[PDB]
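Below is one structure, written out as structure tokens; comments come after it.
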Amino acid sequence: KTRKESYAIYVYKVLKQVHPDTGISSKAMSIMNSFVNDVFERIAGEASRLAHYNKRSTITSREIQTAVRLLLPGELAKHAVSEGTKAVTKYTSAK
Amino acid sequence: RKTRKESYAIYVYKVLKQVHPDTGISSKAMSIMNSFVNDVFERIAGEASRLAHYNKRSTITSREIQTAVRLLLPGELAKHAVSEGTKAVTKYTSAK
Amino acid sequence: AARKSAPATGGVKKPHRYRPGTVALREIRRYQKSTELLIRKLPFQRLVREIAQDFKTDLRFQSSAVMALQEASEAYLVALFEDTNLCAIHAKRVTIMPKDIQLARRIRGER
Amino acid sequence: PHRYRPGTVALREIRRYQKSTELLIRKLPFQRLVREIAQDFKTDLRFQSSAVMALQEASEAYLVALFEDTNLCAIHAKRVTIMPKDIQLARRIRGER
Amino acid sequence: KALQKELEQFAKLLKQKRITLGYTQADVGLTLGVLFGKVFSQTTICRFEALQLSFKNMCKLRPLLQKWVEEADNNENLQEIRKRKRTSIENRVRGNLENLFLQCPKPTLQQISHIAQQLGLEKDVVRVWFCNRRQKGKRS
Amino acid sequence: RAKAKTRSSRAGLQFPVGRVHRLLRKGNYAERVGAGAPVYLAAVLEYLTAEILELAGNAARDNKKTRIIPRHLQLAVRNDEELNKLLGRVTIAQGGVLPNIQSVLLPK
Amino acid sequence: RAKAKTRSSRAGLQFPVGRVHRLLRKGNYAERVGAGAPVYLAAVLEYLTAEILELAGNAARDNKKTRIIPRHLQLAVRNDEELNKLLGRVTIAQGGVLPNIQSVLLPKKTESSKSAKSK
Amino acid sequence: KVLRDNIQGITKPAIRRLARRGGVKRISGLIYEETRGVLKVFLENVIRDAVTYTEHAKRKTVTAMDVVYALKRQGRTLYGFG
Amino acid sequence: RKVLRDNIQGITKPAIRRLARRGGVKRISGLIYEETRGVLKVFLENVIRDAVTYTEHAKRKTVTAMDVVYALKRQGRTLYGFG
DNA sequence: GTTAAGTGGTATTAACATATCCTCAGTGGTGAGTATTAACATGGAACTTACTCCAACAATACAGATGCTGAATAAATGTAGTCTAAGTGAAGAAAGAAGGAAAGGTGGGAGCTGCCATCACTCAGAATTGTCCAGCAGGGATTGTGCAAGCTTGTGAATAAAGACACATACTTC
DNA sequence: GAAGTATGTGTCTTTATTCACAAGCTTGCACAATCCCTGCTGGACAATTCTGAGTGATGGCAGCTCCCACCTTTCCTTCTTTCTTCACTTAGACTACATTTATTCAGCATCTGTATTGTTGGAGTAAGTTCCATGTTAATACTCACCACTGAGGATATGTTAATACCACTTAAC
């Protein structure tokens with residue numbers, strides 16, 4: 001069979017972090033896979049048109065940050081912005 | 001000189017002079033009609049862009065545009081819009 | 001005024017009967033705890049195929065395609081009955097009437 | 001003197017305001033309200049004239065459309081008076097509450 | 001003689017008609033007042049139906065009740081649509097008046113007016129109360 | 001060299017096929033754009049434009065006006081069942097509302 | 001050639017930065033994609049996943065279950081004011097509804113007064 | 001008479017169960033015919049779009065993704081089917 | 001440097017009454033005006049917050065008509081006539 | 001001198017304050033009865049874990065497109081003041097709408113019974129979809145050319161604004 | 001119910017206002033011609049998955065009977081909202097100037113795409129296992145009709161005493 005990629009192992013990695021002694025059903029993981037795919041298109045779609053509005057050819061972490069501020073509701077937006085900048089800070093400092 | 005800004009104003013006016021030869025249009029209504037064309041452009045082109053992605057296609061063709069028209073325009077609008085779109089492609093193909 | 005009657009009654013043996021609303025409230029709790037589909041699958045599957053005949057003939061349906069339609073259909077109807085219930089309570093009733101569905105659908109933007 | 005009945009003038013106002021297209025809120029009081037709200041988001045903010053005008057056209061279109069939904073909730077409850085409970089129901093069914 | 005038993009039979013039937021007609025004894029007194037002018041208190045009707053009043057009083061109230069029972073049966077709605085005022089004496093006034101006794105059993109009207117103004121009672125009320133004080137003190 | 005003929009003239013259109021082609025190409029919609037896609041899209045855009053302008057010019061004539069204003073566009077869109085559905089979540093500036101009064105509010 | 005290190009490990013992320021970069025490049029979003037855009041997007045996607053799974057894992061413990069099912073995802077999302085706004089137009093299959101009966105439908109508690117009586 | 005129109009397969013007990021999950025305590029007898037009409041309109045819109053995706057793909061079978069895509073196109077995103 | 005406060009009260013009761021008239025309302029409760037002012041404030045806060053977000057992303061300090069138009073479109077409230 | 005009225009003196013009488021009692025309403029307490037919840041044992045299917053392998057990711061260099069910083073500056077918004085009339089705010093009188101109470105009736109609920117249509121399962125076939133491979137044509141890239149479209153000016157037709165006249169409707173009177 | 005009266009809206013005319021339409025200029029982008037190549041198409045073929053049929057078991061549905069709580073109508077009270085008036089307070093307009101900002105170049109920094117290579121993370125498939133659904137049982141909690149208890153207000157019975165009423169004595173008038 002041809003390979004079909006999904007976020008199943010990454011959602012399971014995150015689940016084993018927050019809740020070590022907890023599993024997830026295959027139907028729930030199908031829902032969690034759809035959630036990550038859906039939010040990905042929402043942020044990437046908003047970031048794509050942010051570049052179009054500003055006549056930019058590149059999608060950067062600033063477009064992603066602005067799309068997160070536009071889409072996520074408040075406390076989610078400021079926590080996700082904190083997480084996103086923390087990872088970009090760690091990524092740049094590393095190499 | 002100010003930078004050039006493209007709009008459908010001259011094309012909306014040409015379409016107006018066929019349906020209503022003696023009727024004019026104000027610049028505020030022309031601005032609303034320009035926003036209508038741009039809004040419908042992003043809807044059809046955006047829907048057609050998703051159709052190519054769903055079917056693992058790298059090309060937007062008149063078949064993707066036709067399906068987008070049927071998905072967005074309601075009822076009798078879609079039937080006439082498909083008729084006009086098909087008639088233009090047929091006429092365009094026969095020319096060159 | 002003189003509005004009087006005879007309050008005669010009696011009872012020897014009577015099978016237990018619940019008042020009009022005890023079972024209805026019990027059903028609300030039962031079906032809000034559960035997550036299963038409330039429409040029968042075969043009758044719904046026939047309806048989906050009947051509707052699709054208007055659009056294309058000799059159409060085939062995946063099993064999950066009909067299941068996806070059923071999950072969306074009951075979610076739409078359950079959420080509509082939540083808006084319909086609010087309109088009935090707004091009009092100082094507990095019975096949902098067809099005008100409550102029409103008001104709920106009109107405000108949503110479906111009418 | 002001459003007095004109209006309580007509801008004759010109201011119906012007259014309905015006809016004239018549904019026949020016109022002008023903005024029904026005063027421009028300066030609305031512009032000041034716009035600048036006050038924006039202060040919570042960014043200090044020393046400027047606005048174009050059309051940026052405030054676009055906000056007013058959208059704000060009044062939103063409020064007029066909400067009163068149509070609010071009116072239907074009043075008539076549903078066998079009333080002609082729109083009450084705060086009707087605005088709350090209309091906004092809840094719309095999905096804003 | 002047999003007037004006793006005839007009154008008793010009339011009173012029993014009177015109780016039956018009153019209970020059948022849905023009238024309270026206070027309502028009976030009100031009806032007697034609005035149909036004759038001599039309104040009677042419900043205590044008198046109680047003592048009648050229980051046959052407590054004296055014989056002369058028994059005969060005296062026989063005719064009024066006869067007329068009421070013979071008349072009220074026709075229509076009640078229109079009927080539905082002069083007490084011997086008897087002011088009470090409160091205990092401190094009673095004690096003060098008793099103090100006024102044991103020294104002057106029969107005061108003059110000149111003193112009676114002063115007594116009335118002192119305790120805020122009507123002159124006729126104080127005079128009749130004085131007379132009945134003398135009366136009950138002369139009983140023994 | 002041959003004299004240029006615009007792709008609008010080949011398709012018998014008023015809307016620009018060449019400009020619509022460029023907007024499709026530069027709008028980040030697909031890797032490639034077919035030859036008939038701009039022709040089909042410009043024909044649909046031209047039809048939808050003529051649909052509104054026909055209904056708006058009629059509403060302008062019904063008001064004894066020979067010039068379309070935003071009110072006439074609002075009247076045209078809201079009085080057409082299908083155009084009102086296409087533009088259901090769209091606000092037209094300076095258009096007002098339809099003159100609709102509920103029947104229970106009218107005098108006896 | 002140096003030892004390979006995933007861009008997820010550089011940022012300290014469980015989610016794939018390299019795969020998110022590929023989905024951005026072939027998703028027809030922009031002509032170019034920066035190096036920080038997949039890192040930022042993967043970190044945001046991972047945070048949202050942890051937020052839902054934290055609440056859904058709490059839900060599983062209330063029902064004494066050691067495995068998240070779609071019911072717990074629905075309970076987690078609908079009981080969070082902010083996840084419910086993000087997923088307000090989203091239907092979770094086999095999720096059900098929040099248990100909620102309007103207070104006017106509940107039975108009248110025992111009580112009785114007396115109006116004017118003429119009997 | 002036995003049920004004839006397919007829409008009639010959405011039985012009154014089935015509609016009552018959907019109202020119970022919606023928190024409805026008392027149901028008028030005219031609700032069921034109204035509810036069947038409401039569902040038929042919803043299904044027509046979704047199925048018309050799901051088939052439109054199918055004929056574009058040059059397929060004869062309606063897949064779960066066509067239903068999911070049709071639902072998303074109407075602002076009714078459904079999770080758990082792909 | 002200027003500061004503003006108490007401007008929702010500048011949305012006067014007569015102005016709210018006119019909006020209800022265009023909405024077809026014949027009779028208005030006395031508590032509608034306070035409810036309407038809160039409704040408008042919530043709506044305006046959401047649109048302006050998105051409009052300023054578009055403005056600060058563009059590295060600008062003036063809010064343009066497009067920022068409002070983009071913000072309104074993001075809420076499903078497309079506005080024709082301003083660009 | 002006789003007769004009618006006033007004055008007391010004592011007997012009857014009838015109403016007050018409070019003591020009892022009738023009757024009706026509110027609790028509720030209560031067993032039966034039904035349904036939901038919790039404990040506990042068990043099998044299976046659905047999960048987690050451990051192996052191939054292979055396609056996608058990372059490391060490495062480099063070219064070139066993209067974005068940055070500073071300068072100057074024109075464009076644009078803000079700020080303040082002046083004036084006039086359009087709109088707002090407060091008040092007062094009253095119409096009629098909202099809401100409670102009451103009654104009636106009917107429609108929906110709860111429960112019962114019989115049966116048939118749903119469900120779970122199996123199978124057989126055929127219709128459909130997926131994969132692989134060749135290939136070629138449609139689309140991108142490039143360059144040169146010219147002409148369509150945008151911007152800048154300019155003016156006659158459309159629209160707004162009075163202003164008077166003609167209704168059309170509303171509301172009180174007869 | 002009409003007549004009459006006052007108010008408002010609409011209609012036709014005249015006149016000034018304004019704003020849309022066309023002419024004139026330049027610039028950038030659309031077309032024509034060319035080459036290159038890869039995405040899309042058509043064919044063949046395996047395989048897979050959906051439709052149609054049959055079957056047995058039983059539970060969910062349909063139709064039914066009560067009957068009662070809910071909806072609807074009617075009537076009445078009240079108090080909230082409307083309509084009108086009048087003083088006055090900002091909004092609108094408009095100048096004028098100050099201040100900020102958005103745009104434009106220019107040079108250079110740097111970041112991303114592209115190509116190539118090597119490996120390793122992730123998907124698929126298989127074994128390993130344990131959580132959960134299902135059952136049975138028991139315990140607990142809820143509902144509902146019956147039995148009863150008792151308190152409240154009105155309505156009767158008492159104790160008791162203001163109030164009148166009947167009678168003997170004296171006193172005033174003709």
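A note on labels: chains of the structure tokens are A, B, ... as shown, every chain counts residues from 1, and ligands are counted from 1 in their shown order.
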
**OP:** Give me the residues within 9 Å of residue 57 in chain I as number ranges by chain, counting only C-alpha atoms (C1' of nucleotides) and dropping any in the same chain fewer than 6 places off.
**Re:** A: 50, 54, 62-63, 66

Selection: 7 Å around range 24-39 of chain F, only C-alpha atoms (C1' of nucleotides), excl. self and same-chain fewer than 4 positions, as an mmCIF file with N, CA and C atoms (P, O5', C5', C4', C3', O3' and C1' of nucleotides), in the first residue's frame:
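Everything below was put into result-v5.cif:
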data_model
loop_
_atom_site.group_PDB
_atom_site.id
_atom_site.type_symbol
_atom_site.label_atom_id
_atom_site.label_comp_id
_atom_site.auth_asym_id
_atom_site.auth_seq_id
_atom_site.Cartn_x
_atom_site.Cartn_y
_atom_site.Cartn_z
ATOM 1 N N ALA B 45 -11.647 31.373 -7.919
ATOM 2 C CA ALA B 45 -10.258 30.947 -8.031
ATOM 3 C C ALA B 45 -9.806 30.203 -6.783
ATOM 4 N N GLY B 46 -10.283 30.624 -5.612
ATOM 5 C CA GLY B 46 -9.958 29.908 -4.393
ATOM 6 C C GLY B 46 -10.570 28.522 -4.345
ATOM 7 N N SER B 49 -8.728 26.381 -6.814
ATOM 8 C CA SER B 49 -7.411 26.025 -6.300
ATOM 9 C C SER B 49 -7.491 24.825 -5.369
ATOM 10 N N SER B 58 -1.769 19.795 -10.685
ATOM 11 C CA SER B 58 -0.917 20.972 -10.649
ATOM 12 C C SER B 58 -1.424 22.098 -11.532
ATOM 13 N N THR B 59 -2.562 21.918 -12.193
ATOM 14 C CA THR B 59 -3.060 22.875 -13.167
ATOM 15 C C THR B 59 -4.491 23.260 -12.829
ATOM 16 N N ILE B 60 -4.797 24.545 -12.965
ATOM 17 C CA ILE B 60 -6.173 25.022 -12.941
ATOM 18 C C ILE B 60 -6.631 25.184 -14.381
ATOM 19 N N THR B 61 -7.659 24.439 -14.757
ATOM 20 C CA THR B 61 -8.187 24.419 -16.110
ATOM 21 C C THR B 61 -9.622 24.932 -16.094
ATOM 22 N N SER B 62 -10.224 25.021 -17.281
ATOM 23 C CA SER B 62 -11.619 25.429 -17.357
ATOM 24 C C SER B 62 -12.539 24.417 -16.697
ATOM 25 N N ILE B 65 -12.504 25.475 -13.067
ATOM 26 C CA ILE B 65 -13.286 26.699 -12.935
ATOM 27 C C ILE B 65 -14.774 26.395 -13.043
ATOM 28 N N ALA B 88 -17.872 30.750 -24.279
ATOM 29 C CA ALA B 88 -16.680 31.554 -24.528
ATOM 30 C C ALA B 88 -15.474 30.682 -24.843
ATOM 31 N N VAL B 89 -15.291 29.590 -24.102
ATOM 32 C CA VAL B 89 -14.166 28.697 -24.362
ATOM 33 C C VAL B 89 -14.303 28.054 -25.735
ATOM 34 N N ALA F 11 -12.618 35.435 -27.595
ATOM 35 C CA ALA F 11 -13.737 34.843 -26.878
ATOM 36 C C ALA F 11 -15.007 35.675 -26.958
ATOM 37 N N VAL F 17 -9.363 38.828 -20.528
ATOM 38 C CA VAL F 17 -8.846 37.477 -20.341
ATOM 39 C C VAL F 17 -7.369 37.522 -19.969
ATOM 40 N N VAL F 20 -7.072 38.611 -16.249
ATOM 41 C CA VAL F 20 -7.550 37.533 -15.387
ATOM 42 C C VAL F 20 -6.543 36.392 -15.366
ATOM 43 N N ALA F 43 -15.615 34.980 -18.624
ATOM 44 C CA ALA F 43 -16.987 34.857 -19.101
ATOM 45 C C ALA F 43 -17.972 34.781 -17.942
ATOM 46 N N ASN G 28 0.951 25.963 -1.844
ATOM 47 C CA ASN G 28 0.645 27.135 -2.668
ATOM 48 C C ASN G 28 0.161 28.302 -1.813
ATOM 49 N N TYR G 29 0.932 28.613 -0.774
ATOM 50 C CA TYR G 29 0.628 29.720 0.120
ATOM 51 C C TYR G 29 1.391 30.983 -0.247
ATOM 52 N N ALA G 30 2.698 30.869 -0.462
ATOM 53 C CA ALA G 30 3.505 31.993 -0.904
ATOM 54 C C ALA G 30 4.620 31.468 -1.789
ATOM 55 P P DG J 139 -3.119 24.065 -20.806
ATOM 56 O "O5'" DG J 139 -1.945 24.907 -20.128
ATOM 57 C "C5'" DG J 139 -1.313 24.420 -18.959
ATOM 58 C "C4'" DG J 139 0.143 24.832 -18.925
ATOM 59 C "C3'" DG J 139 0.392 26.338 -18.837
ATOM 60 O "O3'" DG J 139 0.784 26.687 -17.513
ATOM 61 C "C1'" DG J 139 1.911 25.212 -20.326
#

Original post:
Which neighbours of residue 26 in chain D fall inside 10 Å, counting only C-alpha atoms (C1' of nucleotides), when residues of the same chain fewer than 4 positions from it are skipped, and could you give them as a PyMOL selection string?
Top reply: (chain D and resi 30-31+56) or (chain I and resi 10-12+15) or (chain J and resi 87) or (chain K and resi 91-92)

Original post:
If you run DSSP on the backbone, which residues of chain D are strand (DSSP E), as a PyMOL selection string?
Top reply: chain D and resi 46-47+81-82

**OP:** Write down, as a VMD selection string, each residue of chain B that has any atom within 8 Å of an atom of chain I, counting only C-alpha atoms.
**Re:** chain B and resid 28 to 29 31 to 33 35 to 36

Cut-off 8 Å: closest chain C/chain D atom pairs per residue, using only C-alpha atoms, as a Markdown table:
| residue | atom | partner | partner_atom | distance |
| --- | --- | --- | --- | --- |
| C:83 | CA | D:93 | CA | 6.0 |
| C:86 | CA | D:89 | CA | 7.6 |
| C:87 | CA | D:89 | CA | 7.7 |
| C:90 | CA | D:77 | CA | 6.5 |
| C:91 | CA | D:77 | CA | 4.3 |
| C:92 | CA | D:77 | CA | 7.4 |
| C:103 | CA | D:72 | CA | 7.6 |
| C:104 | CA | D:93 | CA | 6.7 |
| C:107 | CA | D:69 | CA | 6.0 |
| C:108 | CA | D:94 | CA | 5.2 |

Original post:
Counting only C-alpha atoms (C1' of nucleotides), which residues of chain B come no farther than 12 Å from chain J, as a ChimeraX atom specification?
Top reply: /B:1-11,22-26,58-61

Grab the residues selected above and save them as a PDB file, in the first residue's frame with C-alpha atoms.
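Final file, again-v6.pdb:
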ATOM      1  CA  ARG B   1       2.355  61.040 -11.108  1.00  0.00           C
ATOM      2  CA  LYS B   2       0.456  58.611  -8.887  1.00  0.00           C
ATOM      3  CA  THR B   3       1.068  54.880  -9.168  1.00  0.00           C
ATOM      4  CA  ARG B   4      -1.248  52.990 -11.498  1.00  0.00           C
ATOM      5  CA  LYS B   5      -4.080  51.083  -9.813  1.00  0.00           C
ATOM      6  CA  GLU B   6      -5.899  48.489 -11.907  1.00  0.00           C
ATOM      7  CA  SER B   7      -9.661  48.078 -11.633  1.00  0.00           C
ATOM      8  CA  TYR B   8     -12.534  46.583 -13.607  1.00  0.00           C
ATOM      9  CA  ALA B   9     -14.103  50.036 -13.983  1.00  0.00           C
ATOM     10  CA  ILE B  10     -13.737  50.253 -17.759  1.00  0.00           C
ATOM     11  CA  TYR B  11     -14.987  46.681 -18.195  1.00  0.00           C
ATOM     12  CA  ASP B  22     -28.524  55.173 -21.773  1.00  0.00           C
ATOM     13  CA  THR B  23     -27.901  54.430 -18.075  1.00  0.00           C
ATOM     14  CA  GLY B  24     -24.782  55.645 -16.291  1.00  0.00           C
ATOM     15  CA  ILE B  25     -23.213  54.764 -12.961  1.00  0.00           C
ATOM     16  CA  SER B  26     -21.811  56.776 -10.070  1.00  0.00           C
ATOM     17  CA  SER B  58      -0.917  20.972 -10.649  1.00  0.00           C
ATOM     18  CA  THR B  59      -3.060  22.875 -13.167  1.00  0.00           C
ATOM     19  CA  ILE B  60      -6.173  25.022 -12.941  1.00  0.00           C
ATOM     20  CA  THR B  61      -8.187  24.419 -16.110  1.00  0.00           C
TER      21      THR B  61
END

Show me, as an mmCIF file with N, CA, C and O atoms, in the first residue's frame, every residue of chain H with an atom at most 10 Å from chain J, counting only C-alpha atoms (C1' of nucleotides).
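Below is the file selection03.cif, written as the result:
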data_model
loop_
_atom_site.group_PDB
_atom_site.id
_atom_site.type_symbol
_atom_site.label_atom_id
_atom_site.label_comp_id
_atom_site.auth_asym_id
_atom_site.auth_seq_id
_atom_site.Cartn_x
_atom_site.Cartn_y
_atom_site.Cartn_z
ATOM 1 N N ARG H 26 -41.082 18.824 25.484
ATOM 2 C CA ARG H 26 -42.422 18.597 24.965
ATOM 3 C C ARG H 26 -42.441 19.010 23.503
ATOM 4 O O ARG H 26 -41.918 20.071 23.156
ATOM 5 N N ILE H 27 -43.030 18.173 22.652
ATOM 6 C CA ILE H 27 -42.924 18.321 21.204
ATOM 7 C C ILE H 27 -44.322 18.386 20.609
ATOM 8 O O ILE H 27 -45.148 17.502 20.856
ATOM 9 N N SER H 28 -44.581 19.421 19.818
ATOM 10 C CA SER H 28 -45.839 19.521 19.097
ATOM 11 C C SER H 28 -45.908 18.467 17.997
ATOM 12 O O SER H 28 -44.890 18.046 17.445
ATOM 13 N N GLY H 29 -47.129 18.042 17.678
ATOM 14 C CA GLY H 29 -47.320 16.993 16.696
ATOM 15 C C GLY H 29 -46.972 17.381 15.276
ATOM 16 O O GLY H 29 -46.790 16.491 14.439
ATOM 17 N N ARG H 59 -15.160 10.064 -10.812
ATOM 18 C CA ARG H 59 -15.484 8.848 -10.085
ATOM 19 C C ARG H 59 -16.986 8.614 -10.109
ATOM 20 O O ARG H 59 -17.778 9.501 -10.429
ATOM 21 N N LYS H 60 -17.371 7.387 -9.767
ATOM 22 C CA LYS H 60 -18.771 7.021 -9.636
ATOM 23 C C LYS H 60 -19.199 6.816 -8.194
ATOM 24 O O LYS H 60 -20.400 6.842 -7.916
ATOM 25 N N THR H 61 -18.260 6.621 -7.276
ATOM 26 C CA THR H 61 -18.570 6.390 -5.874
ATOM 27 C C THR H 61 -18.362 7.678 -5.090
ATOM 28 O O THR H 61 -17.394 8.407 -5.324
#

Original post:
Would you give me, as a ChimeraX atom specification, the residues in chain G that DSSP reads as alpha helix (DSSP H)?
Top reply: /G:7-11,17-25,36-62,70-79,81-86

Those same residues, written as a CSV table (one decimal), in the first residue's frame with C-alpha atoms?
chain,number,residue,atom,x,y,z
G,7,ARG,CA,14.9,20.9,13.0
G,8,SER,CA,12.3,19.7,15.6
G,9,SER,CA,15.1,18.8,18.0
G,10,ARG,CA,16.8,22.2,17.4
G,11,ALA,CA,13.6,24.0,18.4
G,17,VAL,CA,9.4,21.2,11.5
G,18,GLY,CA,10.7,19.6,8.3
G,19,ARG,CA,7.3,18.2,7.4
G,20,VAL,CA,5.5,21.5,8.2
G,21,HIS,CA,8.0,23.3,6.0
G,22,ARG,CA,7.2,20.9,3.1
G,23,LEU,CA,3.4,21.3,3.5
G,24,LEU,CA,3.9,25.1,3.5
G,25,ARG,CA,6.1,24.9,0.3
G,36,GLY,CA,11.3,30.4,11.1
G,37,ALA,CA,7.8,30.0,9.6
G,38,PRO,CA,7.7,26.1,9.9
G,39,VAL,CA,9.3,26.4,13.4
G,40,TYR,CA,6.7,28.9,14.5
G,41,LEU,CA,3.8,27.0,13.0
G,42,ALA,CA,4.9,23.6,14.4
G,43,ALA,CA,5.3,25.1,17.9
G,44,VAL,CA,1.8,26.7,17.7
G,45,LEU,CA,0.3,23.4,16.4
G,46,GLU,CA,2.0,21.4,19.2
G,47,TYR,CA,0.8,23.9,21.8
G,48,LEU,CA,-2.8,23.6,20.7
G,49,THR,CA,-2.6,19.8,20.6
G,50,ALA,CA,-1.3,19.8,24.2
G,51,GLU,CA,-4.1,22.1,25.3
G,52,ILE,CA,-6.8,19.8,23.9
G,53,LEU,CA,-5.1,16.6,25.1
G,54,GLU,CA,-4.6,18.1,28.6
G,55,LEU,CA,-8.3,18.8,28.9
G,56,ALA,CA,-9.4,15.6,27.1
G,57,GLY,CA,-7.1,13.6,29.3
G,58,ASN,CA,-8.7,15.2,32.4
G,59,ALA,CA,-12.1,14.2,31.0
G,60,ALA,CA,-11.0,10.6,30.6
G,61,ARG,CA,-10.0,10.5,34.3
G,62,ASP,CA,-13.5,11.8,35.3
G,70,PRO,CA,-14.2,11.3,20.8
G,71,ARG,CA,-16.6,12.0,23.7
G,72,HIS,CA,-13.8,13.3,25.9
G,73,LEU,CA,-12.5,15.5,23.0
G,74,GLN,CA,-16.0,17.0,22.7
G,75,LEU,CA,-16.3,17.5,26.5
G,76,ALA,CA,-12.8,19.1,26.6
G,77,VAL,CA,-13.5,21.5,23.7
G,78,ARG,CA,-17.0,22.5,24.7
G,79,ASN,CA,-16.2,23.1,28.3
G,81,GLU,CA,-14.5,29.0,26.6
G,82,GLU,CA,-11.6,29.5,24.2
G,83,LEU,CA,-11.3,26.1,22.5
G,84,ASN,CA,-15.1,26.3,22.0
G,85,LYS,CA,-14.7,29.6,20.1
G,86,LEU,CA,-11.9,28.2,18.0

Contact residues around residue 46 in chain F with only C-alpha atoms (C1' of nucleotides) at 9 Å, ignoring same-chain residues under 2 positions, as a tab-separated table (two decimals) with N, CA, C and O atoms, in the first residue's frame:
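The new file selection20.tsv reads:
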chain	number	residue	atom	x	y	z
B	11	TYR	N	-14.31	47.88	-17.70
B	11	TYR	CA	-14.99	46.68	-18.20
B	11	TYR	C	-16.41	46.59	-17.66
B	11	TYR	O	-17.32	46.17	-18.38
B	12	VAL	N	-16.61	46.97	-16.40
B	12	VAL	CA	-17.97	47.05	-15.86
B	12	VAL	C	-18.78	48.08	-16.63
B	12	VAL	O	-19.98	47.89	-16.88
B	15	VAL	N	-19.82	46.58	-20.00
B	15	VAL	CA	-20.94	45.66	-19.82
B	15	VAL	C	-22.23	46.43	-19.57
B	15	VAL	O	-23.30	46.03	-20.03
B	37	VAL	N	-16.62	42.15	-8.26
B	37	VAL	CA	-15.87	41.32	-9.20
B	37	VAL	C	-14.65	40.71	-8.53
B	37	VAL	O	-14.32	39.54	-8.74
B	84	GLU	N	-22.46	30.51	-20.28
B	84	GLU	CA	-21.64	31.59	-20.80
B	84	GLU	C	-20.16	31.21	-20.81
B	84	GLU	O	-19.44	31.54	-21.75
F	13	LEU	N	-15.57	38.65	-25.44
F	13	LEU	CA	-15.84	39.11	-24.09
F	13	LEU	C	-15.48	40.59	-23.94
F	13	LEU	O	-14.75	41.16	-24.76
F	14	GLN	N	-16.01	41.20	-22.88
F	14	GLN	CA	-15.60	42.53	-22.48
F	14	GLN	C	-14.59	42.52	-21.35
F	14	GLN	O	-13.72	43.39	-21.31
F	15	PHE	N	-14.68	41.56	-20.44
F	15	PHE	CA	-13.72	41.45	-19.36
F	15	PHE	C	-12.37	40.97	-19.90
F	15	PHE	O	-12.32	40.25	-20.90
F	41	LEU	N	-13.30	31.97	-16.74
F	41	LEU	CA	-13.52	32.82	-15.58
F	41	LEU	C	-13.97	34.22	-15.99
F	41	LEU	O	-14.87	34.79	-15.36
F	42	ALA	N	-13.37	34.79	-17.03
F	42	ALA	CA	-13.78	36.11	-17.49
F	42	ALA	C	-15.20	36.09	-18.02
F	42	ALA	O	-15.93	37.09	-17.90
F	43	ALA	N	-15.61	34.98	-18.62
F	43	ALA	CA	-16.99	34.86	-19.10
F	43	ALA	C	-17.97	34.78	-17.94
F	43	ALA	O	-19.08	35.32	-18.02
F	44	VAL	N	-17.60	34.09	-16.87
F	44	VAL	CA	-18.46	34.00	-15.69
F	44	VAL	C	-18.52	35.34	-14.98
F	44	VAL	O	-19.59	35.78	-14.54
F	48	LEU	N	-21.97	37.56	-14.43
F	48	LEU	CA	-22.45	38.00	-13.13
F	48	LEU	C	-22.51	39.51	-13.04
F	48	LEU	O	-23.39	40.07	-12.38
F	49	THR	N	-21.58	40.20	-13.70
F	49	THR	CA	-21.62	41.65	-13.76
F	49	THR	C	-22.86	42.13	-14.51
F	49	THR	O	-23.55	43.05	-14.06
F	50	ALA	N	-23.15	41.52	-15.65
F	50	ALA	CA	-24.31	41.93	-16.44
F	50	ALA	C	-25.61	41.61	-15.71
F	50	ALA	O	-26.62	42.29	-15.90
F	51	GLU	N	-25.61	40.57	-14.87
F	51	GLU	CA	-26.81	40.22	-14.12
F	51	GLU	C	-27.18	41.32	-13.13
F	51	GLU	O	-28.35	41.70	-13.02

**OP:** State, in Å with one decimal place, the distance from CA of residue 36 in chain H to CA of residue 74 in chain C.
**Re:** 11.9 Å

Chain H residues near chain K within 10 Å, closest pair each, using only C-alpha atoms (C1' of nucleotides), as a tab-separated table:
residue	atom	partner	partner_atom	distance
H:2	CA	K:62	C1'	9.6
H:11	CA	K:61	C1'	8.3
H:12	CA	K:61	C1'	9.1
H:13	CA	K:61	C1'	7.7
H:14	CA	K:61	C1'	9.9
H:26	CA	K:70	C1'	9.7
H:61	CA	K:50	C1'	8.7
